[PDB]
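As given, the protein sequences belong to chains A, B, A' and B', one line each in that order. A prime marks a further copy of an entry chain. In terms of the deposited numbering, the first sequence opens at residue 2 and continues consecutively. In terms of the deposited numbering, the second sequence opens at residue 2 and continues consecutively. In terms of the deposited numbering, the third sequence opens at residue 2 and continues consecutively. In terms of the deposited numbering, the fourth sequence opens at residue 2 and continues consecutively. We put the CB at the ideal spot given by N, CA and C, even for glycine. Only one structure is covered here, and it is reproduced in the block below.
4 protein chains.
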Amino acid sequence: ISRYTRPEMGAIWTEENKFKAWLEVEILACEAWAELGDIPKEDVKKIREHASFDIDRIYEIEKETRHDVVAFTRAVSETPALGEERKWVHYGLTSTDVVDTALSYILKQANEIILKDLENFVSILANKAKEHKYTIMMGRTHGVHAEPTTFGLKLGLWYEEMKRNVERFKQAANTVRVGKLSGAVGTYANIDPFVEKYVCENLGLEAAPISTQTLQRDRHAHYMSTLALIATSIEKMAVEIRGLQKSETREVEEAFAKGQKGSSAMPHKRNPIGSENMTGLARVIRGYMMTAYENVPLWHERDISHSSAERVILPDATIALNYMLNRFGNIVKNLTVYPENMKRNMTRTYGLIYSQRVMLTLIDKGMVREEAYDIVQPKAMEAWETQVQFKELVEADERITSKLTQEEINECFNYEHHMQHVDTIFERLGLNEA
Amino acid sequence: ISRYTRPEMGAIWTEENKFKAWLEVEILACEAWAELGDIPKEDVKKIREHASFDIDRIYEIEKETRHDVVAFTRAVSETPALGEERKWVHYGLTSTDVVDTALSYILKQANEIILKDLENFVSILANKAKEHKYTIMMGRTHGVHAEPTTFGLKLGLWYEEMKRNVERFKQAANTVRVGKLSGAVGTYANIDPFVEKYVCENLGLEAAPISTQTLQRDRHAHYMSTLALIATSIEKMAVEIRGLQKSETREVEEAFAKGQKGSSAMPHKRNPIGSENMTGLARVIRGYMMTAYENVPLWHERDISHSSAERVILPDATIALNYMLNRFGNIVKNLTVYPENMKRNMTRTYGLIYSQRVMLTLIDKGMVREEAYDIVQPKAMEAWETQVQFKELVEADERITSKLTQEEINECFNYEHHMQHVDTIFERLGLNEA
Amino acid sequence: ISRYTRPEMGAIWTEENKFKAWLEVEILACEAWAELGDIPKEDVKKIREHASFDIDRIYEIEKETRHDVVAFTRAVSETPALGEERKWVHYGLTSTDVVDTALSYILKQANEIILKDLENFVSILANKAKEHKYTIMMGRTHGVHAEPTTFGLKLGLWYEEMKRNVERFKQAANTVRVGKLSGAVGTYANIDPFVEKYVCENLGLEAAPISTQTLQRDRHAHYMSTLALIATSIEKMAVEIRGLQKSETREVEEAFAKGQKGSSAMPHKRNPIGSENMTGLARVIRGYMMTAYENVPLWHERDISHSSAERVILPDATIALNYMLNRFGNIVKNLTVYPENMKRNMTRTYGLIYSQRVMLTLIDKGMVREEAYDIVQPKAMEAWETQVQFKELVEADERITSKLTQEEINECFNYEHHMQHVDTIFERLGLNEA
Amino acid sequence: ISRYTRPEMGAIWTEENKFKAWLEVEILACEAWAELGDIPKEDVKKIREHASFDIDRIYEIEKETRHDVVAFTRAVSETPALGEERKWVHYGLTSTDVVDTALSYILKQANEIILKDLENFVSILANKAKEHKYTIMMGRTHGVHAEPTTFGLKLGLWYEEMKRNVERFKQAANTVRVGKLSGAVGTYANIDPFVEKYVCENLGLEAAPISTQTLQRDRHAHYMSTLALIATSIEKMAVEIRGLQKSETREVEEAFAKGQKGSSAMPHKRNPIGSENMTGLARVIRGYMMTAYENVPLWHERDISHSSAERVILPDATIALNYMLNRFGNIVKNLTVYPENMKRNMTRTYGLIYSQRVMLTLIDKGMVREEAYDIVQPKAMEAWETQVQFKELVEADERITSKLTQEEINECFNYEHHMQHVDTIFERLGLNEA
C-alpha cells in the first residue's frame, strides 16, 4: 500500500470488514446451536437482530485484555439493544474458530477478485496475440538472433502460461476455501460438529475434515506460492517488454501520454516504467512466499507466530497481485508495437539466421551433419567478423554451390518458410475461428 | 550427496541415464520422420539398431566444443556400426528439443518413485493413527496445556495433510510431464509437428501446445514449490516429535537401537536425531524453491541461466525428498509412544484444563459469558500460584456450587468427554474399521 | 504497519518527510553551485528562503507527468514567493541524484533509531544476565537433559550475540550512508563533482566514489541481510522463551497484567504471545532480504525495478525491526523467572545428567573410554526405562563401585561442580565488577 | 558437483580432510591437558606420535553407533600403535567441540582460497578498466539511451563493488574464524578453559568468549549472506555482458574458441554462455543463504538440525563461488570489446542523447526549467517519430537559435564533454597511472 492498492481489494482487508466477518461467524454459530435445539430460537433471533460492535470500544477493551477476540466479544456484549442472550455469543468457540473462518471468508473474496483479474488478463493476451499473429520478428536465444517467429506467437505463449496459472490458482483458492469451528484443540469437545457444517456452508466455505486450534498452514503456503508464481510469470513478460523497448531494438514501447514526462533531466526519454514496476513487485511477493512456508511448522495444536506474519503478507500479497494484474494488463493492451522495426532488425545480422537451413539442405543432398555444420560455420563467422552478407559468402563458396542450385540457395534465405505453422499453433490454442 | 541419497533415486540421475534418454529422443525423432516418409525406413532401422555413444568420448569432444549436445551427437556419429544414416541424427532438432524432453522423461521416472514414497508414508501414518486412536494426551496451544486430545488425532492430522500433498504432487508432476520438439524458436520451421507428437507419446509425455526453444519454467517452479511444501510438512511433523521427546514431557521417543550411542560424552542420551535431520533438509529444499522461481524470467525465446541451476536443484531436491519420505516414514513407524507419560502430564497443571468446561456449564445455568469467565479466571490463576487443585477451588465457591450439582462439577473434570468425536473425525478421514 | 509501528520510526517514512528531504537536497545543490560561482548568490539566497512545495499539487501534477520528481520540481516552481530563480532548481541533476541521496538520508535517520534500540536491548540483556548469574537450570541438547548451566549464562550468550549484531549493524548502516549527485549516468558531465561533495557533507553522508544513475544495490542487500539477521537472532531468543514457558517446564513466563485475558475460551491460559509475535515478524523480514538481493542485478546504468520493491521493504523492514527490538526488549526485561521450577526440573530425569562424570572418573581410574562409556550406558538406559534413580544403580553396580569410592561417587552427583566457571565467563563478557 | 568444482576447493571438503581436522583437534586437546599437568606428558607424546584412524572403519562403526563422532573416536582407539593412552582421546570434550572447531578450521582454509580469488578478480577488473578508460559508449537507463559514458567507467564500477565485497568478506570470514571446546553445554564443567585457548591458537582460530555445545549460527548466516552477495554482484556483471552481447548492439562478446560450437542447429551462434552460467549459480547460492538463516533458531543449548543442512550448503556454496570467481574473471579478462559498434550505436537515436545539454544551455541563457524542457521535449519526440536528426530540429527553432550561437549548439552535440571526469573518478578509485 498505497499507490499500489486498487479500491476493490483494499476494501476487503479493512478492520471494519474483518470485525464484520467475525460478527457474522458468531451469529451463524448461535443460529446453528439453535437449529440443534441447544439454545432457544428466541434468544438467537435477538442476537441476529441486535448484535453489533463499536470498533473504538474493541480497541479500548483490547488495551486491558491484550486479546483481540475477547475484546471483540466483550464489545459485542455492550451493544445497546442486546440483553441476556449475549450469553451465547462465542458459546463453545475458541478464538481461531472465529479468526480462521473469517480469514478464509475474506480470502474467498480476495480470490474472486484475483480470478476475475486473471481471466481479464488472459482475454487481453488473446486479443493482442490475434492482432499480431503474423507480425514477423526475430526469435532470440541467449539474447542473440536465432530464427524468425511472430509477436503473436510470443503473446500466445504468455496466454497459454496464464491459462496454466488460472488452473493453478483455482486449486490454490480451493485449498484455502475452508473454515473450522472445532473448538480449543479441534476435538469438538465443547461444540457440536453440526455448528461448523452450518457456518461454513453459509459462508461458501468447506469444513476442515480435521483441525487443531487452527487450520493447517500448508494450505496458506500452497496459496502464497501460487500468488508468487503468477507474479513471477508477469515479471517474465515485463522483462520481455523492457528488452524489446531497448533503443537499439524498439520493437515495442509502453504507451506514452500527452503531457507525460519521461525523465527529469532528459526530455527525450520514453521508458518501460510499468514493466519495471511489475518487476519490483514480483520480487516482494516471492519474499512473502518464503514467509508463508516458514509459517507451516506450528507447534502442537498451534502457536500464534503465523498470525503476525499473515497480517502483513496476506493483505499485501493479494493487494499487490491485484494491482499487478490490472496495471500490466493495461500495459499490454495499450502497448505500441513497431512491425517495421521488427522487420528491420531481422536484417541486422547479415542474413546469418539462415545458417541452419543451408546446413539442413546440405544434409538433404547427402552430407553428414558435422561435415555440413563445419562447412557452414566458418562462413557464418567470417560474415560476423568482416560484416559482409552471409548469402554472398555461401554463393561465393564452391562446395555448397556444387551441391545446391541457386534456387535452392534462395529458398534457404526465405523467411516465409518460418510462418508455415503459425496458424496450426493458433488453432491448438483456441486463438482462431478457422 | 550421499549419506542422504538412496540408490533408487540416485540411479535415475546418472550421466549415463541422461545420455541414454538423449539417445532415445534422437532415435524416436528419426523414426517419426520415417513414418512421415521424409527419411528412408531403411536408414532409421539402422539408426535404431546401431546408434550408440561412448561417454568418455562425449566429454573429450565437449572439451573442444564447449557444447554438450553437440558433443553428444558427434559422439553418436562416431558409432562404428553406423554408416551414412548418421546424417539424420538430430535432423531439424534444436539442442533443447532433446535436453528438455529428456529432462521431463527423467523427471517422470523420479516422480513415479516420489508418488510411491508419498503413498507409503500416508499408509504408515494411517496405521499409526489407528493404533493410537484413543491414546489420551494434552492438546497444547502456544506450547501450554489447553484441553485433551488423542495422539491418534494428531497422527490423523498428518495423514490428511499428506493426502492434500499427494493431490498437490499429482498436479505438479503433471505440469512437468511435457516434452517439446518444435525446433530453434518453437516454430516447427525445420521440424514437422508430427515428430513431437510421436516422440512425446512414446515417452509418456504430453506435447507442449506452444513452445520456444525450451519448455516454460513456470512448470518447474510449480514443481519445486510442491517438493518444498512436502518437505516443509515433514518438518512440521519432525518438530512435533522433537517437542514431545523433550525430557520434561517424554511422550514419544525415536527408536533407539541396540549398540546405538546417543552422544560422545553423555551415555544417558537418547535424541530425536532423525527428526532433527529432516528439519535441516527441509530448509535446503526451500532454498531450491527460491532458485526455481528465479529461473522463470528467461529472456525472449530462452537464455540458459536455468540450466546450471537445474543441474543442482532437480537431482538434489528429488534425491533429498525421497530420502526424507523414507527415513521419516520409518521414524514414525518405529516410534515409541508412552501413554503413561501422556496421562501423567495431563495431571501437572492442577486440573486447570477443565476451566472452559466449568465456565460453559455456568453459562448453561444462566451466567453471562464475561461473568462466568471472570469467576473462573481468578481461581485458575490462584491454582497456578498456589499448587492447589482447580477442582477444590471450584468446590469452595458458593456461587458455583449453588448452580452446579456435584455430579455436574464431576462431569467437567472427566476427560472422556473430550474423546466423543474421535470416531466421527476418523470416519471422515477414511480411517475407520480397517 | 500499523499495530507493529512505533511513532518514532513511522514518522521518518511519511511522504511529507520524503518531499522535505528532496527539497533539502535540491537547495543544497543550488548552494553548492553558488559556492562554485556558477549561479548567483542572490538567486540561491532566494531559493533557500522561499522554495517550498504543496503535496496535493505534487500529486495533481504527477497525474499528468506520470513522474514523481518532475511533479515535485514543477510543484516547487509554483511556490508563492519564488521568482525567476526557480530556473536553477534541479540544475544539472538527474532524478535519482535527489531520490537516492534523500533515501540514504532517511535511512541514516532510521539507522540512528535502530542503533539506539539495539544498544538498549544489549543493556536489558546485560542486566538480566547479572540478575541470574547463578540461577541454576538444565542445559538441554536436542531438547533433552544434558548438564546443568545457569539462566545468566543463557542471557550472556544472547548479550554477546547482540554485540556481534551491533558491530554488523554499524557496517551495514555505513554501506548505505552514501549519496550521489553525478547526473544522468554518473559521469558528472552536467554537474561539477563539488556539488555532490557539498550536498553529501551537509547531510552527514559520504559521496559515492563512482556511481551510475543510481547507488549500487549491493549496499541495500548488505543492509537488509543485517536487518534480517538481527530479527532472526531475536526469533532464536523468542523460541527459547516459548520453550521455557511450556507447561511441563515453566522455568519462565511472559509478564501477565491485571485484567489480561489469555484466551477467549480457556480462562486458565497464560501464553508467550510476545515471543510468538516476534517469531512471525522475523519471517517477514527474511522475505524482505530475499527481495533486496533480487534488486541487485539492475540493467546498465539502472532500471527502476528496485524502487517499487524498496517502497515496500525499506519502510516495512525498519518499522518492523524497531518494533521488534522495543517489544522484545520489554518482554525480556519484564520476564518472570521461576528458579524453583528450574531446580525441580533438574530432578526429573533421575540424576542421569551425571552420567558423563561417572564415565570420566572411571577413565581417571584407568579405564579405556569405550569401556567406561559402555559400563555406564546400560545403567543409564535401565534408569530411563524402569524410572529408578541413576545413583542407586551405579551404587548397586559392582564394577564401578570397585573402582570408585562412595565419596568419589557422591562427587559425581554434585551440580556445584558445574558452576565453577560461570564467574570466569562473565568476567570475559564484561558482566562483572570483580 | 562437479563440472562446477575446482580441485583447490574440492580438496578441502573431502571426508579424509574432515577426519584429519578431527584428529588434530583431539591431539591438540590432549597436548593442552598435558601442559596443565592433568595427563602425563609421556602419554600425550604417544598419542601425538601414533594416533590415527581408518576411514572405512569409521563408517563400519557408525553403522552400529548411528553417531559419527563416537565412530571416529572408537576408530582412533583401534589404532594398533596406541596403548592405554587411548583412554585420553576426547577426554572432557563434547561431540561438537571437535566438529565445530574442525569445521571453522576447514572454513578458514576455504576462505583463504576465496580471498585469493576475490583479489585476483579485482585485479582483472582493474586491468580491463584501465584498458578501456576512454572507450566511449552509450549510458543506458531503463534500457534506453541516456547519455555517453565509457566502458572503463562501467568496469570501474564493478571494481569498486568488488572492493566493497572484499571488505565484507573479511568481516564474514572473521565471524566464523572461531572454535569452541567448552564441554557438553558450554560451561567448562568437564574441561579446563585453557584447553580451548590452546587448541584455537594452534589452529589459527579465536576462542568463542561464551558458547553452548555449539558455536552460534548467526555467524554462519552472516557468512553465507556474504557468499551470496558476492555471487549476486557477479550475476549483475554477467547480466550486463549478456545485455551488451545482444545482436542489435553487439558491444561485447565472450571469447569464442577455435573448435567451439555455439549451438547444435545454428552454426552462426556465439552466445554469452559463461555469463548465463554465472547467473544460474548465483540463484543457487541465494537459496543456500535462506537455508543458513533458517539454521539460526536452534533450541536451547543446541539442536542438530543445522548439521544436515550445513553438509550441503557449506561445501556447495564455497565450491560454487570459487568456480564463479575463477570462471567469470576469465570471461572478463578474455572478453572481446567492439568500440566501433559502441560508437555506431550512439548514432542510432538521432542525437537525442544531447537533449539535456540543449535544455541546460537554454536555462543558462535565461529560460525557466519547465520552459526549456517543454521547448526541447516535442522536438525530441518529433525526431523519434520522424527519423530526422535532433540537431537539425534544434537549428530550425528561432527561439533556440536566437539564444544559442552555432558554436554553442555545436558544443551540446560533442560527446568529449562527457569524458571530462573519467580521470577524476579513476583517481578516486586508485586506478590511475598504473
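Simplified DSSP state of residue i, which is helix, strand or coil
i: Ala82/A; result: coil
i: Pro194/A; result: helix
i: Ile137/A'; result: strand
i: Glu249/B; result: coil
i: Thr15/A'; result: coil
i: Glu120/B'; result: helix
i: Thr350/B; result: coil
i: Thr6/A; result: coil
i: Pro268/A'; result: coil
i: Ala435/A; result: coil
i: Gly288/A'; result: helix
i: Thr150/A; result: strand
i: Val333/A; result: helix
Residue i versus residue j - alpha carbon distance
i: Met225/A; j: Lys392/A; result: 53 Å
i: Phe195/B; j: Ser212/B; result: 15 Å
i: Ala239/A; j: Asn278/A; result: 9 Å
i: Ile56/B'; j: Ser105/B'; result: 21 Å
i: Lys117/B; j: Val333/B; result: 17 Å
i: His269/A; j: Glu302/A'; result: 17 Å
i: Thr319/A; j: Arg284/A; result: 14 Å
i: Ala321/B'; j: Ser264/B'; result: 25 Å
i: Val177/A'; j: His221/A'; result: 6 Å
i: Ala185/A'; j: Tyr374/B'; result: 15 Å
Nearest to residue i (by Cα), restricted to the options the options
i: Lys134/B'; options: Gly93/B', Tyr160/B', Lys164/B'; result: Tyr160/B'
i: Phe329/A'; options: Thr280/A', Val377/A', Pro316/A', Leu299/A'; result: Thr280/A'
i: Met420/B; options: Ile192/A, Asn121/A, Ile2/A; result: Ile192/A
i: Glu79/A'; options: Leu361/A', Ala52/A', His143/A'; result: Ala52/A'
Cross-chain neighbours of residue i in chain B', by beta carbon under 9 Å
i: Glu197/B; result: Simply none; closest approach about 15 Å.
Beta-carbon neighbours of residue i, restricted to chain A and to distances below 8 Å
i: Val70/A'; result: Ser265
i: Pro210/B; result: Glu161, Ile426, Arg429, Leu430
Proximal residues of chain B', C-beta to C-beta of residue i below 7 Å
i: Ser356/A; result: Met267, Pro268, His269
Per-residue contacts from residue i into chain A (C-beta, under 9 Å)
i: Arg287/B; result: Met291, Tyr294, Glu295
Interface residues of chain A' facing residue i [CB-CB closer than 7 Å]
i: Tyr374/B; result: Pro268
Proximal chain A residues relative to residue i, where beta-carbon distance stays under 7 Å
i: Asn278/B'; result: Going along chain A, no residue has its Cβ under 7 Å from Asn278/B', so there is no contact; the nearest lies around 11 Å.
i: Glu249/B'; result: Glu249, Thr250, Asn346, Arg349
For the region 147-157 of chain B against the region 62-70 of chain B, are there 3 or more C-beta pairs whose distance is under 8 Å? no
Cβ pair count under 8 Å reaching 3, the region 189-207 of chain B' against the region 26-39 of chain B': yes
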